[PDB]
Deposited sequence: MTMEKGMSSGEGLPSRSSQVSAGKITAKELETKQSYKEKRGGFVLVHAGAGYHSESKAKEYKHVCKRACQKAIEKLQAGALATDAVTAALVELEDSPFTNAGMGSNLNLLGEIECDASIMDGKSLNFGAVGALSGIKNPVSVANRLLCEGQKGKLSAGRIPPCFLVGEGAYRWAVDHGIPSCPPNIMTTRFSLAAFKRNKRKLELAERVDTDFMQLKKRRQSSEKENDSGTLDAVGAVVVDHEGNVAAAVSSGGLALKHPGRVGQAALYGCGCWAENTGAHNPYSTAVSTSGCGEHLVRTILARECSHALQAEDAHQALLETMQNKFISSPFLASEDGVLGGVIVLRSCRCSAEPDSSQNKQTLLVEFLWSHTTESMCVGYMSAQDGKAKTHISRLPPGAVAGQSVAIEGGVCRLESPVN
């Protein structure tokens, strides 16, 4: 009972590291499905996927993250639960092995509930909070749907290479890095979204939420393509860019699960797996023949039936 879709990042293609990206995606899916079969929450299953993705020294998230301008690792990560709509996030976080675990814990403590617990912490404060909650001290994304139709999403990143210290990207921002929202009065489908690419491009277009909105339309493939074209590549908010670089993985369910991935970057490695079927599928998505990176859109999808 369950389905997962993950990505190891959207960016330059690597005919040498592609094998590494596909393997971690395979392992990440395995982790997520195993959690679901253990009867774990969708948030816990998406978190497990991200931990595996972060741990790969080949991914720009967690260990192996791009060093910033000071030669330090500063991580961004967030997670959202479709059932409760709660969210957890950390930005510019250093000294913590798995940034996504901190985000997940923040979301969980959020459930507990006068004063509303913090949903977004940065820097030292985020580090202090993590240690205070027993989280081990020392880009990638996933969307999941459990056997009950609940959806969750998460994203983790090391941010731009040599970025100025304190520079925060889309992986830490609400509505930008990921989105998870179960079916509701004005939300026909339970949708989950996770993004990757130039943080600035994804933030200014609030891409994750935008994709989720678009996905409430009848045709998911047309809906996502129009979003990537009009609300991203041709977005007036990115008129200041010479090429828009980003990728997304999406899941929509009602269990009938439709999943897609789309990117404007040269490539994007994805992986997916269905619980009642096993066997993780991986794929390096690349832009069509003679296409233009930052100017065109690659898009693919599939469907999963959860009995």
- [ ] Map the modelled residues onto the deposited sequence and report the uncovered stretches in sequence order.
- [x] 1 to 40, 154 to 157, 183 to 233, 350 to 363, 417 to 420
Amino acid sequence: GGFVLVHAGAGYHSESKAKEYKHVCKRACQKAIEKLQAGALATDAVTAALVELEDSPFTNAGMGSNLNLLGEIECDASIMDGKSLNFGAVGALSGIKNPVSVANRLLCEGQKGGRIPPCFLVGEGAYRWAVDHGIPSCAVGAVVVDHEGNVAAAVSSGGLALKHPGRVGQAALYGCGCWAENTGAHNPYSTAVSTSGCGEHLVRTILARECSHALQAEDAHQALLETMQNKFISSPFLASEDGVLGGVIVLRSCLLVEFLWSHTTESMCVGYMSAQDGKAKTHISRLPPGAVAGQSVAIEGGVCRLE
From here on, numbers count along this sequence of modelled residues.
Task: Per the entry, higher mean C-alpha B factor between 7 to 15 and 21 to 29 - done: 7 to 15
Task: Selected stretch [higher average CA B-factor]: 122 to 130 or 166 to 174 - done: 122 to 130
Open item on the list: So if I compare the CA B-factors in the entry for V155, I135, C75, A180, which one is the largest?
Closed with: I135
- [ ] Compare the CA B factors listed in the entry for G141, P188, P236, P99 and report the winner.
- [x] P188
- [ ] Sorting the chain's modelled residues by C-alpha B-factor, tell me whether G199 ends up in the lowest, middle or highest third.
- [x] middle
Open item on the list: Based on the deposited C-alpha B factors for this chain, I'd like to know if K281 is in the lowest, middle or highest third.
Closed with: highest
Task: Cα B factor band for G247 (lowest, middle or highest third within the chain) - done: lowest
- [ ] Going by the recorded CA B-factors, say which third of the chain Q111 sits in, lowest, middle or highest.
- [x] highest
TODO: Relative to the other modelled residues of the same chain, rank the CA B-factor of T227 and answer lowest, middle or highest third.
DONE: middle
